[PDB]
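Okay, here we've got a single chain as structure tokens, the form deposited in one PDB entry, with questions on binding and movement later.
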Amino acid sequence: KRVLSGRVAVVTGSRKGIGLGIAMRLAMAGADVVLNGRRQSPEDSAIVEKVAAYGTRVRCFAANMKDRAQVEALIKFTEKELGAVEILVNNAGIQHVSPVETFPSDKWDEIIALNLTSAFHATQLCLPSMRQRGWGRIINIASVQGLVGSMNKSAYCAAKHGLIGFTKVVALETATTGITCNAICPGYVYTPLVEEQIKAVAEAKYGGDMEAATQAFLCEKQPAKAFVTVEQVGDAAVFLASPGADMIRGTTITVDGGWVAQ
């Protein structure tokens, strides 16, 4: 009795934050959801209850998306519990603010592996089932940082640009099938990833004042002067997964409050 009823979806990362909203909105649309995260159980029970409040099957998994073996384990676990993976949301990623000169190479490697190559592993593993079933959705959670650059985020911007290019290529390789591949480019969304940066800014320039730090953080980049919600990103993902997006391929849905428009 719902648009996504019976669909099995897999969110690869960000159990808290954007991944949470995406999972909630996919479950609201009737899809079973598997939430993957790099954490074990801080508040994961509350997250799973929030997702399962919509009466769909919900599962929780802990795979390091930098390890292809663990990505394959995640896919096979989803197949065992729910069924063939039909909606792959690649949302893993981290952030590290640093100028290029002092940017650690290990952090560059970590950001590339988690924000770019994990999507490659997950897509490579899930595409055969989607092709055999004749249907599939691959939604990559890119960033506005994948369309433009920001200071001291070289690795993140590179990985996000790369994830957009990968989206284009995958969409082209599947253009004639019922499988569509697209990307979402959110602006600032209040998440632990963004909360950490806000706290750093507050302690650096604003005497530890989180309110002023948040104000400056948004006013720098987002003309709307307000955060994008995880619910809105989830709505964008639901739209991309719906039949109306059957011919939406290789493009970007940007939810940024005007960040990129300027």
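Sequential numbering from 1, following the sequence displayed. Only residues modelled in both forms are compared. Definition used throughout: the rigid core is the maximal C-alpha set that superposes within 1.5 Å between two forms.
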> Counting only other entries that model residues on either side of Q40, is it left out in at least a third?
Replying inline: yes
> Does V201 go missing in at least one third of the other entries compared here?
Replying inline: yes
> Mean CA B-factor: is it higher for 82-90 or for 161-169?
Replying inline: 82-90
>> Mean Cα B factor from the PDB record: higher for 215-223, or higher for 38-46?
In response: 38-46
>> For the chain shown, is the CA B-factor of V100 in the lowest, middle or highest third of its modelled residues?
In response: middle
>> Quick check on the deposited entry: does the C-alpha B-factor of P192 sit in the lowest, middle or highest third of its chain?
In response: highest
>> Where does the C-alpha B-factor of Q132 rank in its chain, lowest, middle or highest third?
In response: highest
> Looking at the C-alpha B-factor of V255, is it in the lowest, middle or highest third of its chain?
Replying inline: lowest
>> Please place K76 in the lowest, middle or highest third of its chain according to the CA B-factor in the PDB entry.
In response: highest
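There is another form of the same protein, the form solved in complex with a small molecule; it is not shown, and what comes next is about it.
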> Which of 174-182, 127-135, 75-83, 90-98 has heavy atoms within 4.5 Å of the small molecule in the deposited bound form?
Replying inline: 90-98
> Does at least one non-hydrogen atom of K160 fall within 4.5 angstroms of the small molecule in the deposited bound form?
Replying inline: yes
>> Under a 4.5 Å heavy atom criterion, is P192 part of the interface with the small molecule in the deposited bound form?
In response: yes
>> How about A23 - does it come within 4.5 Å of the small molecule in the deposited bound form, if we only consider non-hydrogen atoms?
In response: no
>> Given that the small molecule is not shown alongside this chain, does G37 nevertheless sit within 4.5 Å of it in the deposited bound form, heavy atom to heavy atom?
In response: yes
> Judged by heavy atoms and a 4.5 Å cut-off, are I164, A236 and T254 together in contact with the small molecule in the deposited bound form?
Replying inline: no
>> Superposing the core, which one of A216, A69, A200, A46 shows a C-alpha shift reaching 2 Å or more between the shown form and the other one?
In response: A46
> For residues shared by both forms, which stretches of 3 or more shift their Cα by 2 Å or more between the shown form and the other one, once the core is superposed?
Replying inline: 38-40, 42-50
